[PDB]
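Heads up, the thing below is written out as structure tokens.
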Amino acid sequence: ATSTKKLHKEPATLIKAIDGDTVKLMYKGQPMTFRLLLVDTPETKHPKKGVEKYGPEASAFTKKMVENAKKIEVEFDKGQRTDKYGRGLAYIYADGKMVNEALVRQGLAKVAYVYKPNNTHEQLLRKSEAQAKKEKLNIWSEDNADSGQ
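Just so you know, we're using PDB author numbering here: the sequence shown kicks off at 1 and counts up by one.
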């Protein structure tokens, strides 16, 4: 595949995360929001009696992986760069780990709708989503017995 790859990663710092998909990071010497591309997080405000499933989970792993990951790199996809709300459409890499591939392989986020041309790390997100569903992690842990009946 190519000789030395055609995509690189720029250095960025942490500023202030808000949700599991919305995270503010310092890039280009300026405060810019970043929305995990091809990623989707569950709402934690729908319920007023407190989330009993997984409300405060992706948000805690987002601020914990970004606050600890000293090497945070960002990689914009050849697709657009900013959504219509000024969101940084790209992928995050905490400690050389695809933050998006982590929340998805952990069973705390599903692959967001796929819209071309944004489709680079798509098949990869499909494999991680299948693993979480194959391990019954968090949301994928609904099977009770399914042994005959």
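We treat Cβ as the ideally placed atom computed from N, Cα and C, and that holds for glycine.
A Cβ-Cβ separation of about 7 Å places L38 in contact with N100 under the 8 Å criterion. Assignment of beta-bridge partners to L25 by DSSP yields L14 and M32. Only residues of its own chain outside the window of five on either side were considered, and among them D95 and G96 have a CB closer than 7 Å to the CB of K71, listed in chain order. For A69, the CB contacts under 7 Å within the same chain, skipping 5 residues up- and downstream, are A94 and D95 in chain order. When only Cα atoms are considered, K133 and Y54 end up about 16 Å apart.
As the crow flies, the alpha-carbon of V23 is around 44 Å from that of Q149. For a cut-off of 8 Å, the C-beta gap from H121 to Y91 is around 6 Å, short enough to register as a contact.
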